[PDB]
Structure formats: structure tokens, C-alpha cells
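**Student:** sequence, then structure. It's an experimental one.
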Amino acid sequence: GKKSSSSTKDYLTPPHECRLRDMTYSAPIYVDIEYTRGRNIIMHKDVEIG
Amino acid sequence: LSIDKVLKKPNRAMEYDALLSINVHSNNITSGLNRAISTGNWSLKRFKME
Amino acid sequence: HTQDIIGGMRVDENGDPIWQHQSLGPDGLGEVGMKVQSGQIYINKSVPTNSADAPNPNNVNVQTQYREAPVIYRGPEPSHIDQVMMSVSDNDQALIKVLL
Amino acid sequence: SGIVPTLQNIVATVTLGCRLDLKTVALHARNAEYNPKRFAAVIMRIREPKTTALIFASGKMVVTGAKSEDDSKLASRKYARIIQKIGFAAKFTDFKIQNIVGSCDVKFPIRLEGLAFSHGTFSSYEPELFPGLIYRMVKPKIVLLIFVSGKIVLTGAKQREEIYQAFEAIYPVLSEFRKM
Amino acid sequence: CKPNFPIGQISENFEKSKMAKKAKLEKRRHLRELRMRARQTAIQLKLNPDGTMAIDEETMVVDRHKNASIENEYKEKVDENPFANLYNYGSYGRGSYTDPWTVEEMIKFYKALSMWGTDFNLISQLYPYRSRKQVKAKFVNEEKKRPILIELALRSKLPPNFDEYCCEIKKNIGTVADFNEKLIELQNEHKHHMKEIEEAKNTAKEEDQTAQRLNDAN
Amino acid sequence: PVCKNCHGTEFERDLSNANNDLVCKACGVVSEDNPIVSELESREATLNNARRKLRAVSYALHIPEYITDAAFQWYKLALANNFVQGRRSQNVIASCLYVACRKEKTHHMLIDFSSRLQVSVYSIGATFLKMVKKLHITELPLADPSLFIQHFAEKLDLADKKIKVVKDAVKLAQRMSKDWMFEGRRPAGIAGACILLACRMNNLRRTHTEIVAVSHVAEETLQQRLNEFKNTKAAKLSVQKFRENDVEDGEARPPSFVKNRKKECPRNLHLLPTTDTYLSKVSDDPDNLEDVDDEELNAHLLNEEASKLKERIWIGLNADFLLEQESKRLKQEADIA
Ligand SMILES: [Zn+2]
């Protein structure tokens, strides 16, 4: 659903606007990840995955 | 399997970032879930059940 | 890179409306509010003929290649069409949805 | 406007049927350049007449860096005068030429997208890799690049003659677009 | 109301844009001081009372990650701001910023260009952390900048004003050895080791055919 | 198609009586009733791998799929022209997909392809030029910068009134066009400068950095572009005020000859000096060269006492032939191994 940066409720298509365009009523999944880029480890926020 | 295919290079070892090839694997969750509701049959693996 | 087109309204003898064309509208989308019978198509649809040919990188002969394929209203009883909308899908393709 | 297109640089190569040794011709000269892991031959740099002598390990040699045609010629035998110091044959026969480059200044702003739409059936360009428009003419089989500043360069011609009659042929398509 | 930078309305979420700009100016200034400073795991066993001389089954294998995780714990942690990673056409392309030249360097540049004709091989190491490519371009740009000061150098075909005698030997006092014969003597050592391993090669070969001939008899 | 008695050519399928027959309008003889409705291996393998690679990058770039299958036709015939051998597989599909991006005229600019493979832009555009010459693409649309505006606004996290911020922009973009700012410059450069001016005159979301985070073009190269706009003609009308409804052309001054002013019967055939007049200047002695002698290039010769001085420095810097030697000595050692 909502992000951790903007902290708005959601930005979304309404379902009845979605059910007549053959689309899927969806909200994206967000994760936060940390890893070794190189010289050092960094953490990254709000990655889209699905 | 996309990581070590990149990391099997001698020059490509220092400033490489791995996050730029996450969008190619992103929609496998989406297109898996959408046909999992559309066509009512579930191909599980840890139970192998249909 | 060939589209699908909604051209329509062929004429004959000072008159556009043939017996099959009293409800096509100016846009090709059959206009909302009047009745239909057997025959009398209401969405005029044309598809190109070179659907599976290799793209020749030139601009030589693309002027007249649309074979007709409309959608006919069958049925044993004359009906009306209630409302007609058009919009776009997830990836950008034009949609046509008319409700009888 | 009766302007004159000047010519900036030549190329010219000759054969040498004598085998060359890199040890005995580079290590006792003045313009000594030989790094074998960087490059497998030697460059001479004399600045009168300001041209450059490229050699090869097999023996062949190619000169580049002169304005005039005969300017390359007089140095092409002075270059082989150094290989007359070492007891080598220096059998140069054919003074062939396969590239002469020339630039001009025509000095009026032009459109470029109109002939990219009009004369787009043969020549085209892109803005985002390079700012210039590449123009081709198959009548002498030539390539050339133009600008928006009105400067036009001509390259890729083997013969010195062939730049000339091409250069007035491209003018009527160039002055076509007066940006009305 | 000039078109460059009025602060004039709501301007939502500009703070993450703000300290990114102040950090990129900080990053480039630490790149300046790298330049200023440069100018200048067997197997283990144990002895049980029950079974003496027993070897540990866990030391037989190696983990190959505990050693990596020690240094990865001792790396600096930073929080990625997705504005900081911005990239343009000037990204991932070789070439860097050349440290501009000083007049103290020119007396070591003119005279090294006065002694030889134009020899880019040995003058590269004279400027110890400059490389072969940009010093060649320093010959090229000076043709338009100072065309007449260069034109005095090739007219000079004589030993110059005799002050290079120090710089003749300042080049020589690094690793003082007779290089015309230092390379010869250890190269002869190298082929001596190769000849001895070639002796070890064939003497291993002759005993091998001798031994398995005896197995062919039996 | 031809009737049996009157030889008519038009047949009309009557469908009212559930027969679905075939009959002409002229005489009425049926044609046919009772309708019959229907209820190298490595060559195939090397494109099946190439299918998934086009399937790969289309997912990450949000490409609509009707370009991916169209781009497969470009790669398929460019496979036949021996263009793929030697070059990088991860490179050659990126140039192949980008062609079908501009035939469709989408918002996808080239450097977005260069970003995720983390390579230089100029490498990807190099093989793009070396491809487009070889298989002879003649017709190809221009990269109109008008496309890029209305795609930038969605990720530009601006207010709800997102249609008025692009309507005034395209008025500025058509004002950008007839004036002489972009003719040899970059599409993404000038398309990022027009949205800069429209955003500031209603909001203050522009920070010279957020639009860079979208347009991926540096900060100092766009500062010139508004100073390019400011001092051309009639811009002092539009600096402070004047609602954006001017219809004028003004002067036409591209800067490429403004810098040139800062510096300061047709032609008959045999008026230019020829090239054979210079070929016959010096006699072409193949064995001799002793007619173009001089005295300083005759003096062009080593310092004889500074020879062993100089090669000691030359041998003091060189180690490439050193490891070449024992590797050349290894060529003989591996012969008996
Ligand atoms: Zn008939």
C-alpha cells in the first residue's frame, strides 16, 4: 500500500473505474532492502516488486 | 541466477549495482497471481498438488 | 505498425443509408438510441491484410489494404442498444464496449 | 559567393619491400616512440613540414599530417632518408592517396530538419549522440557532415579532384531552405 | 522576476532535494585531497582421553563467509537517498579531471622537450602520477597556445644551458644499478632455472618408463 | 465464385433461416450448402534465447508488448545479415529494441536503456549508427520533444492540477520550436528546460535537481538554456508578467553564427587548381630520394655518446619484452610437455 516517504493514504484507481477496463484492482508491494553495493553497504527504501 | 551470471566477470566486480535488474523479475509475482485467480487451478511445488 | 480503423457509411444512389447501414453513425460506432434488427451491423471493424508479413523498411504501398469484418446482431427479436463507451486498456489499445 | 574550400589533412601510404627491424631504427633516432605493449610500431614527429610518419613492423609506411598534396610528397622521401642511414633498401613505388579532408565556411544559418524530412529517403541523422547532420552523396560515393553554423566539412574522398565537383553539387540543396 | 531562483510558493518535498545538493559538493572536495596528498586455516585436531589423536569433523570443512562477514560488519553504513544516484551522459565513461599545470613544471617540461625531440615514454615517469595520454595532449594544446615558445626548441640542436646535469642524474639516482647489464644477468638466471626444471622433466620421464616396463614384464 | 448459369461473381450469405447457404442475387442457384466449419535446431535455439532477452528488458522498461513482437522481426532479419557475430548480445538487442521504440514514437529515450546495464551511452549509440547504415533504414520519424512533456508530469509529484501545468508548457514548447534554440542541440535538454519554466511560474517544485532526476541531464547545461531563452527576442516581455498568449515570430538568431560574428553563372570546371599539377612537381624516383635533401633532417640522427645513456633509461623503464622472453622460452618448454 502506502509508502514511507510521502506518507499519503494511497494513489489508486477506483474499482468501478477498473472493472470496465479489464484491468486488475491492485496496489503495489513495497519492501526495504540493504546490501553490499561495493566499497560499503547501503540501505534502500520502498522498492517495487509486484 | 541473474546475479552470478553478471559476477562471473573480472572487470565487472567493483562499482556494480545489483538493483537495476530487479524489474525483470518483478512481474513474475504479478502474472503468477493473476492467472492463479483467473484459471482456477494452482500448481504448487512444496506439496505437488493440483 | 498497422492499426484497426472504424471507417464506414458507404453510399448508393444519392443516399448513404443502405438497409444494413441505418445505425452506423458518423464515427463508425453505431449511434445510441435507435432499434436494430437482424443484419444491420453496429460496430464497423476493418483489419489489414498483411497481418503476418515481414516489415519492409519503406513507404510504398499502404493505401488500401482493409478487408471488412463487422459484427452482426443476430437474434429472433428486434432490440435497442443502451449506451456505447470507448476507453483504453492496461497497455494502450483502444477498447469498444457497447451494451444492448 | 565564390568561396574556396581549404583542405586540412591528407593520407598517403607507400609499399616497402624491405623488412624492418624495430630495434635498429627506433633506438638511435630523435623522435623515438616504441612501447610494444601499447603499440607495435613507431611514430616520427617532425613539425616541418608538420606531418607524421607512421611505420609498421612488416615494413610498410603511411604518412599523414600535411595540408597540400606536394607538401606530403617532399616529406615522404625525407622520411625515407632516415631509413637510408640504416642499410635498408627503402623500395617505395606507389605514392597512393585514399583520404583527403576539407572544411569550408558558408556563413548563414540554415534549417536542418526540413531536408531531414524532404531528403530523408537517402540521408538522415540523430541529435542525441552527435550535434551534426551526416550527409551522404552516392554520385561520387562520398560522406560528409554539416552543421547549423554554416561550416561544412568534407571527408572520405580518395582523389583530391572528387571533393570539388561534389562541393558545388550540395549547394543547391543547401540553399533550398531560406527559412521563410 | 528574473527566471533564476525565486523562492515563491509551496514547493512540496524539496528538503530531500536540498541536502543532496550540499552532499555532492562535499563529495567532490574530498576527491581534491586524494590528489593533494598524492602530489607530495589449516585442519585442527585434539587429544581426547577416550579417543586420542582424533581430528575435528567441523574443521575439515570451511565456511567461506565468516571471514567475509567480519570486514562487512566493519564498513560504514549510509542511508540511500534516491535523489543522490542521479546519472547523466557523463557517467560510466573513461576520462577524468586533469590537474592543471604549473610553471614550476614547465622548466622540467621545456628542458625535457629541449633535450630530446619529442619522446613521451620517459617524460611520463618524470611526472610520477601523470599518465601517457594527457601529457601527449599537453603537447597538442600548446601548439595553439604558445606556438612560438615551442618553435625555439627544435631550432636548438646542441646541448642546452648546462643546468640539466642535476636532472640528468636525478633521473639516474633512482635505483642505482647498471641497467645495461643488470637485465642480462638475471635473465641468464631465469633460463638456468628453466634448464634445471627441464632436467627435472626428462629425469622424471625416464624413471617412469623404467618402472612400468617392469610392470609389463610381471 | 462464378455461378453455373448466369456466371455471377457476387455471393451473399443468407443467415436468417439457420441454413447459412451461399447464393447469388442474380438467378438464385445455391453454390454450396451444408457449410463445413472447423470446430537448424541451433538456429531455433539461438532466437529462443533471444526471445527471452527481448522479453526481459521489455518488462523492466514498461514496454507495451506490441513493440516486443515487432522488434523481434528486426532482430530476425538482422540475424541473416551477419551483423550479430562478434558484437555483444546484451548490446545488440538494446539497439534493436530502440528502433521499434521510435517507429511507434514512444517516450522512451535511449539512455534509459544504457542505465540498467551500467555501460556508457556512447557505446550503445555507436552500434546503433553502425547498424542503421548496414540494413538501410531510410524512413524514420524525428524525435519530437513534444512527446516528453506529458510523460514527465506523472513522476514529477506535482499538484492535482496536472493538466494546466502541461497545457501552458506545450504553448511554450511550440514557442520553443519556431524560435531558434534547438536545431543541433539535445531533445532531452530543451524538453527539460520548457517544463522548468512552466513549473516555476505556478509552483516552486523545481529545484534544478528533481527535473534532473527525471530528465537525467546535468544541472549546469540547463542553466545556459534559460539564459539562452532570456536574451534572444521579446523575452523581457515574458520575464515578469504578460499572460502567455503572444503569437509572434520575431528574429531568427541561432547562437552558432552569433559566435561566428564574434570572431570577426555557376563555377566553370577548369578554374580550380587541379591535383595532377602537384603530382608532377617532384619527380617520382622510386629508388632515389637525393633531390629533396636538406641539412637539418640530414643532421636528424642520434647523439652517439648519449646512446648507451639513453637505452639504459629505455631498458630501465621496459619489462614487456622481459616476460615475453620466458613466455617465448615457454613456447619451447610446452613442446616437450
Ligand atoms: Zn447465378
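**Tutor:** Perfect, thanks for sending it. Numbering: from 1, shown residues only, chains lettered A, B, ... in the order given.
**Student:** which parts of the chain are helices?
**Tutor:** With no chain named, the answer covers chain A. With DSSP state H as the criterion, chain A has helices at A:15-18.
**Student:** correction: the question concerned chain F.
**Tutor:** For chain F, applying DSSP H gives helices covering F:41-60, F:65-80, F:89-103, F:111-116, F:121-132, F:147-152, F:164-178, F:187-200, F:210-215, F:220-230, F:255-263, F:276-279, F:307-317, F:320-333.
**Student:** save those helices as JSON lines, and put in distance to residue F:19 and mean neighbour count too.
**Tutor:** Yep, even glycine has a C-beta here, placed from its N, CA and C like the rest. Below are those laid out as JSON lines (distance: least, C-beta to C-beta, whole Å; neighbours: other C-beta atoms under 10 Å in any protein chain shown):
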{"stretch": "helix F:41-60", "distance to residue F:19": "46", "mean neighbour count": "14"}
{"stretch": "helix F:65-80", "distance to residue F:19": "40", "mean neighbour count": "17"}
{"stretch": "helix F:89-103", "distance to residue F:19": "47", "mean neighbour count": "20"}
{"stretch": "helix F:111-116", "distance to residue F:19": "58", "mean neighbour count": "18"}
{"stretch": "helix F:121-132", "distance to residue F:19": "57", "mean neighbour count": "17"}
{"stretch": "helix F:147-152", "distance to residue F:19": "54", "mean neighbour count": "18"}
{"stretch": "helix F:164-178", "distance to residue F:19": "58", "mean neighbour count": "17"}
{"stretch": "helix F:187-200", "distance to residue F:19": "61", "mean neighbour count": "23"}
{"stretch": "helix F:210-215", "distance to residue F:19": "63", "mean neighbour count": "21"}
{"stretch": "helix F:220-230", "distance to residue F:19": "72", "mean neighbour count": "16"}
{"stretch": "helix F:255-263", "distance to residue F:19": "76", "mean neighbour count": "13"}
{"stretch": "helix F:276-279", "distance to residue F:19": "88", "mean neighbour count": "12"}
{"stretch": "helix F:307-317", "distance to residue F:19": "98", "mean neighbour count": "16"}
{"stretch": "helix F:320-333", "distance to residue F:19": "88", "mean neighbour count": "12"}
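**Student:** next, format those helices as TSV and append distance to chain A.
**Tutor:** As requested, the helices of chain F are arranged in TSV below (distance: least, C-beta to the nearest C-beta, whole Å):
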stretch	distance to chain A
helix F:41-60	11
helix F:65-80	15
helix F:89-103	21
helix F:111-116	14
helix F:121-132	21
helix F:147-152	17
helix F:164-178	17
helix F:187-200	19
helix F:210-215	13
helix F:220-230	25
helix F:255-263	41
helix F:276-279	59
helix F:307-317	33
helix F:320-333	32
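**Student:** mind putting those into TSV with distance to residue E:140?
**Tutor:** Formatted as TSV, those follow (distance: least, C-beta to C-beta, whole Å):
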stretch	distance to residue E:140
helix F:41-60	41
helix F:65-80	40
helix F:89-103	32
helix F:111-116	30
helix F:121-132	22
helix F:147-152	39
helix F:164-178	38
helix F:187-200	29
helix F:210-215	33
helix F:220-230	26
helix F:255-263	22
helix F:276-279	28
helix F:307-317	23
helix F:320-333	26
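**Student:** residue contacts, the residue in chain A positioned nearest to chain C?
**Tutor:** For chain A and chain C, the shortest gap (C-beta to the nearest C-beta) falls at residue A:23, measuring 5.2 Å. Residue A:23 sits next to A:13, C:89-90 when contact means C-beta atoms under 8 Å, 6 or more residues apart in numbering or on different chains.
**Student:** measure it to chain F for me?
**Tutor:** Going from residue A:23 to chain F by C-beta to the nearest C-beta, to the nearest Å gives 14 Å.
**Student:** before we move on, what about residue E:143?
**Tutor:** 19 Å.
**Student:** so how far is chain A from the residue of chain B most remote from its centre?
**Tutor:** What lies farthest from the middle of chain B is residue B:11; by C-alpha atoms, centre = their mean that is 25.5 Å. Distance, residue B:11 to chain A, by C-beta to the nearest C-beta: 14 Å.
**Student:** quick one, what contacts the residue nearest to residue F:221 when sequence neighbours are not counted?
**Tutor:** Closest residue in space to residue F:221, ignoring its immediate chain neighbours: residue F:189 at 6.5 Å, by C-beta to C-beta, 6 or more residues apart in numbering or on different chains. Applying C-beta under 8 Å, 6+ apart to residue F:189 gives the contacts F:182, F:217, F:221-222, F:225.
**Student:** would you list those in CSV and tack on distance to residue F:162?
**Tutor:** Below are these laid out as CSV (distance: C-beta to C-beta, whole Å):
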residue, distance to residue F:162
F:182, 25
F:217, 22
F:221, 27
F:222, 22
F:225, 23
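**Student:** and of those residues, the nearest to the ion?
**Tutor:** Of all the contacts of residue F:189, residue F:182 has the smallest distance to the ion: 65.9 Å, by C-beta to the ion.
**Student:** got the buried residues for stretch C:17-33?
**Tutor:** Buried residues in stretch C:17-33, counted by 16 or more other C-beta atoms under 10 Å in any protein chain shown: C:21-25, C:28-30, C:32.
**Student:** just stretch E:109-125 next, same as before
**Tutor:** Buried residues in stretch E:109-125, counted by 16+ other C-beta under 10 Å: E:109, E:112-124.
**Student:** wait, which of the residues you listed is closest to chain D?
**Tutor:** Closest approach to chain D among the buried residues of stretch E:109-125 (C-beta to the nearest C-beta): residue E:117, at 3.9 Å.
**Student:** ok, the most centrally placed residue in chain C - contacts?
**Tutor:** Centre of chain C computed as the mean C-alpha position; nearest residue by C-alpha atoms, centre = their mean is residue C:44, 1.5 Å away. Neighbouring residues of residue C:44 by C-beta under 8 Å, 6+ apart: C:6-8, C:24, C:28, C:68, C:70.
**Student:** go with 7 Å
**Tutor:** Contacts for residue C:44 (C-beta atoms under 7 Å, 6 or more residues apart in numbering or on different chains) come out as C:6-8, C:24, C:28, C:70.
**Student:** so is the closest residue to it other than its chain neighbours in a helix, a strand, or just coil?
**Tutor:** Nearest in space to residue C:44, with sequence neighbours left out and distances taken as C-beta to C-beta, 6+ apart, is residue C:8 at 3.9 Å. Residue C:8 falls in the coil class when you classify it by DSSP: H, G, I helix; E, B strand; the rest coil.
**Student:** residue C:8 and residue C:24 touch, don't they?
**Tutor:** Yes: under the criterion of C-beta atoms under 7 Å, residue C:8 makes contact with residue C:24 at 4.8 Å.
**Student:** ranges for the helices of chain E?
**Tutor:** Going by DSSP H, chain E shows helices at E:15-39, E:66-73, E:103-115, E:122-126, E:132-145, E:147-150, E:164-170, E:179-217.
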